[PDB]
Amino acid sequence: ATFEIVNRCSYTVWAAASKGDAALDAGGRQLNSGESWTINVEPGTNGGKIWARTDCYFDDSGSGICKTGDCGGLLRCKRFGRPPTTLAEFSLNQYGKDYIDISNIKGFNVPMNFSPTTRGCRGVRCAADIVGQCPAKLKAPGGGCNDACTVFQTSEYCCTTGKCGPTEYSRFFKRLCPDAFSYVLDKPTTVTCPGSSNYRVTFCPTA
């Protein structure tokens with residue numbers, strides 16, 4: 001599968017692609033305002049994620065720190081990023097179909113549009129100003145809007161017992177971004193795409 005990661009934000013972001021235990025393609029790259037980064041994800045990839053990182057500082061060896069989405073301090077991400085991260089989640093070639101979605105379960109840092117570049121399905125988008133409207137107890141000092149589970153670490157916010165309902169914090173992400181997961185047991189906004197589809201991830205799609 002081909003993913004075109006486009007940065008339409010006015011600021012530089014550091015794109016990141018990982019499946020949890022391994023990097024997707026290079027795993028991470030700097031994206032200036034307007035730059036595009038095309039990566040190749042192996043078919044059958046399960047649990048792949050793409051997100052943006054803000055205010056990063058790496059050395060010549062690719063080791064550093066980001067204010068949002070830091071993946072163990074590496075420019076090329078092998079693990080998932082540190083919240084708050086707007087997540088482009090996808091599972092490819094699952095019994096003949098691809099499944100994509102946008103998730104606010106791990107917070108919000110950059111607006112994002114997750115659309116296919118091939119026919120067969122629609123795209124998802126979470127481009128509201130969640131950071132500007134973020135509740136006080138969820139505002140991340142380093143930028144972005146944390147999720148309730150990251151802030152308070154309770155069973156109800158993290159849905160650890162598998163029995164959880166929507167909260168006042170999750171209803172905030174759902175109100176500004178109804179097409180994205182607000183919590184774990186939220187009504188699925190997953191889009192079913194044809195198998196072996198190609199996609200484009202656009203940071204700040206309305207910029």
# chains A, B, ... in the order shown; residues from 1 in each chain; ligands from 1
>>> select_by_dssp(residues="range 11-114 of chain A", states="strand (DSSP E)", output="PyMOL selection string")
chain A and resi 13-18+23-31+36-40+48-51+54-58+64-68+87-94+97-103+112-114
>>> closest_atom_pairs(of="range 60-137 of chain A", to="range 5-27 of chain A", cutoff="10 Å", atoms="only C-alpha atoms", output="JSON lines")
{"residue": "A:66", "atom": "CA", "partner": "A:14", "partner_atom": "CA", "distance": 8.8}
{"residue": "A:68", "atom": "CA", "partner": "A:14", "partner_atom": "CA", "distance": 9.9}
{"residue": "A:69", "atom": "CA", "partner": "A:16", "partner_atom": "CA", "distance": 8.5}
{"residue": "A:70", "atom": "CA", "partner": "A:16", "partner_atom": "CA", "distance": 9.4}
{"residue": "A:71", "atom": "CA", "partner": "A:16", "partner_atom": "CA", "distance": 8.6}
{"residue": "A:74", "atom": "CA", "partner": "A:27", "partner_atom": "CA", "distance": 9.3}
{"residue": "A:75", "atom": "CA", "partner": "A:27", "partner_atom": "CA", "distance": 7.8}
{"residue": "A:76", "atom": "CA", "partner": "A:27", "partner_atom": "CA", "distance": 4.5}
{"residue": "A:77", "atom": "CA", "partner": "A:27", "partner_atom": "CA", "distance": 4.7}
{"residue": "A:78", "atom": "CA", "partner": "A:23", "partner_atom": "CA", "distance": 4.3}
{"residue": "A:79", "atom": "CA", "partner": "A:20", "partner_atom": "CA", "distance": 4.8}
{"residue": "A:80", "atom": "CA", "partner": "A:20", "partner_atom": "CA", "distance": 5.5}
{"residue": "A:81", "atom": "CA", "partner": "A:16", "partner_atom": "CA", "distance": 8.2}
{"residue": "A:88", "atom": "CA", "partner": "A:17", "partner_atom": "CA", "distance": 9.3}
{"residue": "A:89", "atom": "CA", "partner": "A:19", "partner_atom": "CA", "distance": 9.4}
{"residue": "A:90", "atom": "CA", "partner": "A:19", "partner_atom": "CA", "distance": 9.4}
{"residue": "A:91", "atom": "CA", "partner": "A:19", "partner_atom": "CA", "distance": 9.6}
{"residue": "A:110", "atom": "CA", "partner": "A:9", "partner_atom": "CA", "distance": 8.7}
{"residue": "A:111", "atom": "CA", "partner": "A:9", "partner_atom": "CA", "distance": 8.8}
{"residue": "A:112", "atom": "CA", "partner": "A:7", "partner_atom": "CA", "distance": 9.3}
{"residue": "A:113", "atom": "CA", "partner": "A:6", "partner_atom": "CA", "distance": 9.7}
{"residue": "A:114", "atom": "CA", "partner": "A:5", "partner_atom": "CA", "distance": 9.5}
>>> residues_around(residues="residue 155 in chain A", least_positions_apart="6", cutoff="12 Å", atoms="only C-alpha atoms", output="VMD selection string")
chain A and resid 148 to 149 161 to 165 167 184
>>> residues_around(residues="residue 197 in chain A", least_positions_apart="2", cutoff="10 Å", atoms="only C-alpha atoms", output="JSON, numbers by chain")
{"A": [1, 2, 3, 43, 92, 93, 97, 98, 99, 116, 117, 118, 119, 120, 121, 193, 194, 195, 199]}
>>> write_last_selection(atoms="N, CA, C and O atoms", output="short mmCIF file (atom, residue, chain, number, x, y, z; two decimals), in the first residue's frame")
data_model
loop_
_atom_site.label_atom_id
_atom_site.label_comp_id
_atom_site.auth_asym_id
_atom_site.auth_seq_id
_atom_site.Cartn_x
_atom_site.Cartn_y
_atom_site.Cartn_z
N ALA A 1 0.83 -1.20 0.00
CA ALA A 1 0.00 0.00 0.00
C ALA A 1 0.86 1.26 0.00
O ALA A 1 1.93 1.29 0.61
N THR A 2 0.39 2.29 -0.69
CA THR A 2 1.10 3.56 -0.79
C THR A 2 0.38 4.61 0.04
O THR A 2 -0.83 4.83 -0.13
N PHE A 3 1.12 5.26 0.94
CA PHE A 3 0.60 6.33 1.78
C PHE A 3 1.37 7.60 1.46
O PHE A 3 2.60 7.64 1.62
N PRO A 43 1.55 -5.03 2.53
CA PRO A 43 0.17 -5.53 2.63
C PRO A 43 0.00 -6.47 3.82
O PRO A 43 0.95 -7.12 4.26
N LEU A 92 -4.61 -3.32 7.05
CA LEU A 92 -4.67 -3.58 5.62
C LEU A 92 -4.85 -5.07 5.34
O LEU A 92 -4.32 -5.92 6.06
N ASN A 93 -5.62 -5.36 4.29
CA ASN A 93 -5.80 -6.73 3.79
C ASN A 93 -6.29 -7.67 4.89
O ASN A 93 -5.71 -8.73 5.14
N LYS A 97 -10.39 -6.87 2.86
CA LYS A 97 -10.77 -5.48 3.02
C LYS A 97 -9.73 -4.75 3.86
O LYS A 97 -9.04 -5.35 4.68
N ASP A 98 -9.64 -3.44 3.64
CA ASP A 98 -8.86 -2.55 4.50
C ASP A 98 -9.80 -1.79 5.43
O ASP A 98 -10.96 -1.54 5.10
N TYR A 99 -9.28 -1.42 6.60
CA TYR A 99 -10.05 -0.70 7.60
C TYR A 99 -9.23 0.48 8.09
O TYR A 99 -8.12 0.30 8.60
N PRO A 116 -8.60 7.90 1.14
CA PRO A 116 -7.97 7.06 0.12
C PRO A 116 -7.75 7.82 -1.17
O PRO A 116 -8.49 8.74 -1.53
N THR A 117 -6.70 7.43 -1.89
CA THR A 117 -6.42 7.96 -3.21
C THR A 117 -6.94 7.06 -4.32
O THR A 117 -6.71 7.34 -5.50
N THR A 118 -7.64 5.98 -3.96
CA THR A 118 -8.27 5.08 -4.91
C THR A 118 -9.75 4.97 -4.59
O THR A 118 -10.20 5.29 -3.49
N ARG A 119 -10.52 4.52 -5.58
CA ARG A 119 -11.97 4.46 -5.44
C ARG A 119 -12.37 3.31 -4.52
O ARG A 119 -11.59 2.40 -4.24
N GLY A 120 -13.61 3.36 -4.05
CA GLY A 120 -14.21 2.28 -3.28
C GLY A 120 -14.71 2.67 -1.91
O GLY A 120 -15.59 1.98 -1.37
N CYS A 121 -14.19 3.74 -1.32
CA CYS A 121 -14.59 4.13 0.02
C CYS A 121 -14.43 5.64 0.19
O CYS A 121 -13.93 6.33 -0.70
N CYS A 193 -12.63 -0.10 3.40
CA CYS A 193 -12.11 0.18 2.08
C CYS A 193 -11.77 -1.12 1.35
O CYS A 193 -11.58 -2.16 1.97
N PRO A 194 -11.72 -1.09 0.01
CA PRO A 194 -11.28 -2.28 -0.73
C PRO A 194 -9.86 -2.66 -0.35
O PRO A 194 -9.04 -1.82 0.04
N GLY A 195 -9.57 -3.96 -0.46
CA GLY A 195 -8.23 -4.43 -0.15
C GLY A 195 -7.19 -3.83 -1.07
O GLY A 195 -7.44 -3.56 -2.25
N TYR A 199 -3.65 5.50 0.14
CA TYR A 199 -4.22 6.55 0.97
C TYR A 199 -3.32 7.77 0.99
O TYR A 199 -2.15 7.72 0.59
#
>>> closest_residue(among="A:61, A:146, A:189, A:109", to="residue 129 in chain A", atoms="only C-alpha atoms")
A:109
>>> select_by_dssp(residues="chain A", states="helix (DSSP H, G or I)", output="VMD selection string")
chain A and resid 136 to 138 148 to 152 155 to 158 170 to 176
>>> residues_around(residues="residue 151 in chain A", least_positions_apart="2", cutoff="12 Å", atoms="only C-alpha atoms", output="PyMOL selection string")
chain A and resi 83-84+105-107+135-140+145-149+153-154+157-158+169
>>> residues_around(residues="residue 124 in chain A", least_positions_apart="6", cutoff="8 Å", atoms="only C-alpha atoms", output="PyMOL selection string")
chain A and resi 101-102+113-115+179-180+191
>>> write_last_selection(atoms="N, CA and C atoms", output="tab-separated table (two decimals), in the first residue's frame")
chain	number	residue	atom	x	y	z
A	101	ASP	N	-9.40	4.54	10.09
A	101	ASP	CA	-10.12	5.40	11.03
A	101	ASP	C	-9.16	6.45	11.56
A	102	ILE	N	-9.73	7.48	12.18
A	102	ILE	CA	-8.98	8.47	12.94
A	102	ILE	C	-9.39	8.34	14.39
A	113	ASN	N	-6.52	14.66	7.98
A	113	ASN	CA	-7.49	14.06	7.07
A	113	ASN	C	-6.91	12.75	6.56
A	114	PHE	N	-7.68	11.67	6.70
A	114	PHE	CA	-7.26	10.33	6.29
A	114	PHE	C	-8.20	9.87	5.17
A	115	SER	N	-7.77	10.05	3.93
A	115	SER	CA	-8.59	9.71	2.78
A	115	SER	C	-7.86	8.75	1.86
A	179	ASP	N	-16.32	12.16	13.59
A	179	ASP	CA	-15.83	11.08	12.74
A	179	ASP	C	-14.59	10.39	13.29
A	180	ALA	N	-14.22	10.68	14.54
A	180	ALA	CA	-13.05	10.08	15.16
A	180	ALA	C	-13.45	9.39	16.46
A	191	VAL	N	-13.98	3.07	8.54
A	191	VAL	CA	-14.41	3.00	7.15
A	191	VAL	C	-13.83	1.73	6.53
>>> closest_residue(among="A:94, A:133, A:182, A:202", to="residue 34 in chain A", atoms="only C-alpha atoms")
A:202
